[PDB]
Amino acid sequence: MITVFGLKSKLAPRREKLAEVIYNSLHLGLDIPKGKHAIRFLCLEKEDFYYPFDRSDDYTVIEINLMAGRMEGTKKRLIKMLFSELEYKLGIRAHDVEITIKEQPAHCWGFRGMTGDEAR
């Protein structure tokens, strides 16, 4: 599952589009078909979000979990794509975007009654 964190005031009305944008970059960048992944939104109240001092209220954190296996370039590509999509499609400046890809071996994944190393 992918999670997007942000101040509720700014993130709340941006949900549908951020989902479309991520589903787009996952497809276009990793060939994962749209809707294949779960996407969650966490809308923060002001007092819970201490974003970095030099950033703005649009500060958006994206956590992406993948089964380990891809090349660094492919991972870098999705990060660059995500920045572009956010800038040109939501007005969120790369400045205010933070992203992290977390990977775990296939055998640490479980979906559809199977472990990931056994999915075929």
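In case it trips you up, residue 1 is the first one in the sequence shown, and so on.
**Q** Going by the B-factors listed in the PDB entry, is the mean over the C-alpha atoms higher for 99 to 107 or for 10 to 18?
**A** That would be 10 to 18.
**Q** Tell me which of 26 to 34 and 74 to 82 has the higher mean C-alpha B-factor in the deposited entry.
**A** Averaged over C-alpha atoms, the B-factors run higher in 26 to 34.
**Q** Please work out which residue in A94, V61, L44, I64 has the highest C-alpha B-factor recorded for this crystal structure.
**A** Of the candidates given, the C-alpha B-factor peaks at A94.
**Q** Please rank the C-alpha B-factors of the chain's modelled residues and tell me whether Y51 sits in the lowest, middle or highest third.
**A** CA B-factor rank for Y51: lowest third.
**Q** When the deposited Cα B-factors of this chain's modelled residues are ordered and cut into thirds, is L90 in the lowest, the middle or the highest one?
**A** As the PDB entry reports it, the C-alpha B-factor of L90 lands in the highest third of its chain.
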